[PDB]
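Some notes on the structure that comes next.
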Amino acid sequence: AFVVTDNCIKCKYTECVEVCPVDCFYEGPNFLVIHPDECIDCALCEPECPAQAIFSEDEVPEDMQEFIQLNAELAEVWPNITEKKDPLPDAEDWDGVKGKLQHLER
Ligand code: SF4
Ligand code: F3S
């Protein structure tokens, strides 16, 4: 029951997927989501995200509550990703920029 939040958008390092025991990450053009029902809450992906975008559901910041629901719905429509990939080309420029939800691509 972990959740990918805002800082992932435009960064998408994919450092989180290799440690996932149940392969419950799904990828979008510029963001990743965790499938809530598949996730076993092992917490292993959280410290691996360079963007510090992953949070336990009950620890998702108040201002990013929308991502809980978002991960659930997008996990239904995006393809599963199980292998690390190169971060987006300008990940460092966007890492730390707030409100990147406005840049989310379906
Ligand atoms: S908490 Fe564990 S099972 Fe859930 S997405 Fe992260 S690595 Fe995968
Ligand atoms: S930037 Fe996104 S792709 Fe994974 S390593 Fe962090 S949640």
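Residue names in the structure tokens use chain letters A, B, ... in the order shown, residue numbers from 1 in each chain, and ligand numbers from 1 in the order shown.
For ligand 2, the protein and nucleic acid residues at most 8 Å away, judged by only C-alpha atoms and all ligand atoms, amount to residues 4, 5, 7, 8, 9, 10, 11, 12, 13, 14, 15, 16, 17, 27, 31, 32, 33, 45, 46, 48, 49, 50, 51, 52, 53, 54 and 87 of chain A.
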Select the residues contacting ligand 1 at a distance of at most 12 Å, based on only C-alpha atoms and all ligand atoms, then format the selection as a VMD selection string. chain A and resid 1 to 4 14 to 26 32 to 49 53 to 57 71 to 72 75 80 to 82
Just list as number ranges by chain whatever in segment 36-104 of chain A DSSP marks as alpha helix (DSSP H). A: 66-77, 91-94
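You will find atom CA of residue 77 of chain A at 20.7 Å from atom CA of residue 64 of chain A.
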To one decimal place, how far is atom CA of residue 88 of chain A from atom CA of residue 102 of chain A in Å? 16.9 Å
Can you list every residue in chain A that DSSP puts in strand (DSSP E or B), as a list in words? residues 2, 3, 4, 25, 26, 27, 28, 31, 32, 33, 34, 54, 55, 56 and 80 of chain A
For a test of reading the model, state the distance in Å between atom CA of residue 29 of chain A and atom CA of residue 73 of chain A, rounded to one decimal. 15.5 Å
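For the choices A:6, A:90, A:74, A:58, the atom-to-atom distance to residue 106 of chain A is smallest for A:74 when using only C-alpha atoms.
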